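Single-letter residue listing:
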Protein chains: 2
Amino acid sequence: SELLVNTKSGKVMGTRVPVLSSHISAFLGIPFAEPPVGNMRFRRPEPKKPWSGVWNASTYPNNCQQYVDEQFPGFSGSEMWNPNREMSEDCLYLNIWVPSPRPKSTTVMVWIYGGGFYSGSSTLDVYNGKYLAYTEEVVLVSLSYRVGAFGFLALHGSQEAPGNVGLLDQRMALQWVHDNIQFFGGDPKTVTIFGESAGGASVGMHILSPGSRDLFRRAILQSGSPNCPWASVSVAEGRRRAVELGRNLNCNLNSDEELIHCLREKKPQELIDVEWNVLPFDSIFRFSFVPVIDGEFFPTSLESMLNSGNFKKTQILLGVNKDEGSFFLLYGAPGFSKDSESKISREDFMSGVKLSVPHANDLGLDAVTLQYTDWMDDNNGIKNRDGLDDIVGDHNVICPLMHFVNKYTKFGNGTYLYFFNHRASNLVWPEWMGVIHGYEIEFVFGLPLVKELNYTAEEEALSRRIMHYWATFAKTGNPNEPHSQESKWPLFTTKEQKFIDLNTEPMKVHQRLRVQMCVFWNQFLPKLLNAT
Amino acid sequence: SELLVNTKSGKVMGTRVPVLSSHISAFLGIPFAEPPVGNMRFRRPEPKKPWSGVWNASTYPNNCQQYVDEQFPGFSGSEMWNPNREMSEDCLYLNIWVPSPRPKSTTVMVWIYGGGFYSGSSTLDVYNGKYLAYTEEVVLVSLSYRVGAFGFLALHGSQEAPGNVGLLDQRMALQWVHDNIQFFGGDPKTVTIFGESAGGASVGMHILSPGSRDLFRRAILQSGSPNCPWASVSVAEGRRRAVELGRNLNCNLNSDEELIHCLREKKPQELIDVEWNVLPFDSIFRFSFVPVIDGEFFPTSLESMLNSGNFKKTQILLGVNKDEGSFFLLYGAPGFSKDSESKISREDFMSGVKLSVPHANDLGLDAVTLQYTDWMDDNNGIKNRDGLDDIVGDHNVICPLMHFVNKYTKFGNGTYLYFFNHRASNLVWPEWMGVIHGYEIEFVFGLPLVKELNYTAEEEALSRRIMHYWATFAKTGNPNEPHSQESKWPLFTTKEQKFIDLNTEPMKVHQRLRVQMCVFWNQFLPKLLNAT
Ligand SMILES: *[C@@H]1O[C@H](CO)[C@@H](O[C@@H]2O[C@H](CO)[C@@H](O)[C@H](O)[C@H]2NC(C)=O)[C@H](O)[C@H]1NC(C)=O
Ligand SMILES: *[C@@H]1O[C@H](CO)[C@@H](O[C@@H]2O[C@H](CO)[C@@H](O)[C@H](O)[C@H]2NC(C)=O)[C@H](O)[C@H]1NC(C)=O
Ligand SMILES: *[C@H]1O[C@H](CO)[C@@H](O)[C@H](O)[C@H]1NC(C)=O
Ligand SMILES: *[C@H]1O[C@H](CO)[C@@H](O)[C@H](O)[C@H]1NC(C)=O
């Protein structure tokens, strides 16, 4: 039967699903690790023991335990991001969409969700792989991984809560796809990993990590890179936060053994309820439990790995959205609200700058404020709001990514860079937020092809182009069709540094993406904060 | 007789001179101090002892001893600035142009020449006062003062070479005008002092100095202010340079008495020949012997006098030229030449930055380089040349002056600000130098009214407007005619900060003159260099 597949872990039975007046197969909720519960909470994941009988893979699995956004109850803009299934620590599952009839050996794409390493679900409506699987004839896989303290509590040295176990969950699933995707018609020698925000930084981390590089062929990173300032912490800071977590739950703190045992006795929600209290600063765009630079998963510092070429050499395709900072300002900077235009006063601007660059001394804050202030019109509320947006996006996403691409391109085998700047016509968030991070995802997964979702015709066309760029890059390592007549997305090179805009207008090619601001964030400010 | 005037120092006899098909009186070379020669070299000036008989005031006096620019032998662009009379330490004289018939009590304007405190002459063709005296019916006075070591060698504590004696020479002449200008038809209760570059910083210094403020009514400052970085040094640096001067002449250095005696035995040119060897850094726009912050002429630091309102409160009119830095780059930065367009390479840019901001550590040089570099087009030779021009002009003239006007306006009685950006059609310097500092002077003294000089008609008109703005401001404290129909030069205010452009086009009013760059030079960089 077409819905029955025999894998090395056992038999699995999918389900037929409709998609754009046709059908394909879906194998939802396939287990790839033993449930990380009880004594295994915080531990490295173990492989799933093979099973007898047929695994029913017809419904979505539980989503991992996470903080849930209740900031706007009933607003779809925020709720489309929340877990849409029961939460549970038994959550390590993957989903596969397979063209019908079953391919024999086609290109595979594995999606890694974002969510700041503290949240995220593989089952969100915007992550539904049937449109891309069907339109580009690829086998689409979405995986899951532990988030929050469950995925990233780190007490370096202890083997019970070593840290990075959330990254090892992603890795185990990549191992399972390597070992079994052939039975679903996928070609294991052609898998592309891709993801957004923390999913994009994760992708960059498997490119760096020696233990992960052999499990995939190519990579796509959307608004995230491994060197982002919010994506990793030192073993010492990881340790400090784990102890503070324990102190918030009245744990015995005399040894790692004692702390870990107390944390393992707590219900999931007791951990989620105090998670945010461990941040070292009053900050924006900073998350509590994130990957740790441990000497194992990452052999040395990220920057020294980048400089020395210590990473997988292959082709990459990556980019960012125009307004990366707005979500974070809305939720945590003063003067911003969902239902107003959020014109910012000079006081609120300064407050925002301090929140955006937590680790900066006063000279540093003055350097940032001067770089983004138009002194001929310093009380322009819209300019202050947009300047803050840019400060957050450049410091947290764009410049870190630009630094990664320039370092990578030096040893890589081909880089394609984009700047996504089309705001969706049906976005429910206010206009002032612009092209919000994550809102390029619906176009990558092809939602504009379904009429009832209400996109425009040009939006459906943009979706088809991005899907085909992503799937052609995955199959061949180049997003362009060989002899097509369409205009070409040029390769990004150390010298010319070209990139393309991605929107409903005719492709325009540019050079040196936000160079002015990125020389400030990647060269000057680090130098200013180190000397001073 | 109209050419004979009896002053308190004695009788003086002028000469009738033609001017634009008419005539006026000129009293050239009137002595206002005893010759500062021999033992009086470096000493404060003494009043000129009254004389019997008639002082022949029909020819220009000697110019003070100074370094002479031989960088372009025979080129008029540089030679029109060189001494045009025999040099001599007997040089303290003043010149007066008086309307005919002799006024009874008219507005007086006293010109103080620039020249970096190391050079300058009151007798230059561009400083000829007959055109302004005649056209605006004012009594025009030009004074002289010791420059170089002769005017500014400073060994604070010793009464033989105290420093600032060049400033006291200007002051003595202002005293003589206060006491005698009435006999020439001038009104001593209405004298305006005005000057350019070091002459403009001098004017600002008499506004600050308690011993000078009662000798004049109003002030005009052209491309210079007292707080400029090249206009003063501490008593300790003054001292260091005086000792180094002595060491370059093999002087006995055991006491001030010994050093001073050796320096007094040297011929003038032995001093001028080694003058430049005492600079502490490889620099541009820095001069050896300049005013010293001594606790007498300046009671406390300039910035604390400015902050506390410790200065003469009156009306001021001041401004700058568009391309203040070009002269200094031409003469001392690498890659610039008189007969080429001077496109600058990135190496030469960086060399120039280091020369322009001598006192800066590496982080500081990086801060300047980032602020003036267009990172999307960093090898643009013209952009590098123009950026260097701006760096020199903003740091040395424009921003210091902008800081002075904002501090002054808070306690003053009226400020008028201009931005002169018309390049003269007959300029012999190359195009790349732009509106060169000092080339607004010919328009202030009215040279475009004499046909044989070859200016355009619109240039003659601009000259007439500037002459009338300067002379009306001098007479009334406002450059505008009461009920004229001409557009108005608005007052500069703490809040609106308005200024006007000054050129051959219809007057345009603007606000916050080079604010972006000046917040960098007046607020951020000083803060960066103090912390680091
Ligand atoms: C990616 O790698 C391939 C092969 O490793 C590069 O192609 C080789 O290019 C060199 C120099 O141009 C030739 O000597 C070889 O004959 C090529 N080999 C093959 C199989 O084509 C290719 O240039 C690389 N691409 C990038 C963008 O670096
Ligand atoms: C310059 O000073 C004069 C007088 O010191 C100012 O005029 C006075 O203004 C105050 C308040 O407007 C009035 O009470 C007086 O009657 C005015 N006196 C005279 C003689 O007019 C004038 O405003 C000042 N100008 C500036 C630009 O500060
Ligand atoms: C497993 O899938 C769902 C479970 O909710 C349901 O159709 C049925 O219980 C199972 N299907 C089969 C074929 O066992
Ligand atoms: C003084 O002026 C010049 C000196 O060069 C000359 O005309 C003459 O010697 C003198 N004139 C008078 C009237 O004494």
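Scroll up to find the structure this text is about.
The following refers to the structure shown. (Residues numbered from 1 in each chain as written, not as in the entry; some residues may be left out. Chains lettered and ligands numbered in written order. Heavy atoms only, no water.)

1. Points about the sheet that holds strand β7 (residues 106–112) of chain B
Residue and element names in this part refer to chain B. Under the convention used in this document: What makes two strands pair is DSSP finding at least two bridges between them. Helix numbering and strand numbering both begin at the N terminus, where a helix is a DSSP run of H or I of at least 4 residues and a strand a DSSP run of E of at least 2. The axes used here are C-alpha line fits, helices contributing only the stretch in contact, and every angle between their N-to-C directions lies in the interval 0 to 180 degrees.
Read across the sheet, 11 strands follow the order β3-β4-β6-β8-β7-β9-β10-β13-β14-β15-β16 without closing on themselves; strand pairing throughout is mixed. Looking at strand neighbours, the two that pair on one side only are β3 (15–18) and β16 (509–511), the edges of this open sheet. Strand-to-strand, the axes of this sheet are offset by a mean angle of 25°, without reference to chain direction. Here 3 bridges tie strand β6 (residues 93–98) to strand β8 (residues 139–142), and the two strands are oriented antiparallel to one another. Looking across to β8, one finds that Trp 97 is bridged to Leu 140.

2. Describing the environment of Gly 446 of chain A
All names here are of chain A. Convention followed: Pairs of residues are marked as contacts when any of their non-hydrogen atoms sit within 4.5 Å.
Relative to the helices and strands, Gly 446 is located in the loop between α14 (441–444) and α15 (457–476). Put simply, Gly 446 and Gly 412 are 34 residues apart on the chain and 29 Å apart in space, counted from C-alpha to C-alpha. Those residues in contact with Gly 446 that sit more than four places away from it in its chain are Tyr 131, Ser 463 and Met 467.

3. Description of the sheet that holds strand β7 (residues 106–112) of chain A
All names here are of chain A. The strand order across the open sheet built from 11 strands is β3-β4-β6-β8-β7-β9-β10-β13-β14-β15-β16, with neighbouring strands paired in mixed fashion. Among the strands making up the open sheet, the edge pair consists of β3 (15–18) and β16 (509–511). Between one strand axis and the next, the sheet turns by 25° as a mean value, whatever way the strands run. In this structure, β3 lies alongside strand β4 (residues 23–31), joined through 4 bridges in antiparallel fashion. Directly across from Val 17, in β4, lies its bridge partner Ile 24. Against the sheet, helix α5 (residues 198–208) makes contact with β7, β9 (186–196), β10 (218–222) and β13 (316–321), and its axis sits at roughly 135° relative to β9, the strand it touches most. Sheet contacts for α15: β7, β9, β10, β13, β14 (415–420) and β15 (498–502); angle to β10, the most-contacted strand, approximately 145°.

4. What to know about the interface of chain B and chain A
As a reminder, the rule being used: Reported buried area values correspond to the accessible surface (1.4 Å probe) lost by two parts on association, with both partners' losses combined. The working definition used for a salt bridge is a side-chain nitrogen of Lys or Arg within 4 Å of a carboxyl oxygen of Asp or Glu. Polar contact criterion, stated in full: a pair of N or O atoms within 3.5 Å, where within protein one must be able to donate a hydrogen and the other to accept it, and residues adjacent in sequence count only if both atoms are side-chain atoms. The nonpolar class holds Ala, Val, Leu, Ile, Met, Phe, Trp, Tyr, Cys and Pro. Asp, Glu, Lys and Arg form the charged class, and all remaining residues, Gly among them, are polar.
Counting residues at the interface gives 19 residues for chain B and 19 residues for chain A. When the area that chain B buries against chain A is broken down by residue, the three leading residues are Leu 370, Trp 375 and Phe 524 of chain B, summing to 31%. The residue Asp 378 of chain A makes a salt bridge to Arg 512 of chain B at a minimum N-O spacing of 2.7 Å. Across the contact surface, chain B and chain A share 10 residue pairs in polar contact. Those elements giving two or more residues to the side of chain B that touches chain A turn out to be α12 (362–371) and α16 (515–531) of chain B. At 7 residues, α16 of chain B tops the list of elements feeding residues into the side of chain B that touches chain A. Classifying every residue of the side of chain B that touches chain A by side-chain character gives 10 nonpolar, 4 polar and 5 charged.

Remember that the coordinates give geometry; whether it matters functionally is a separate question.
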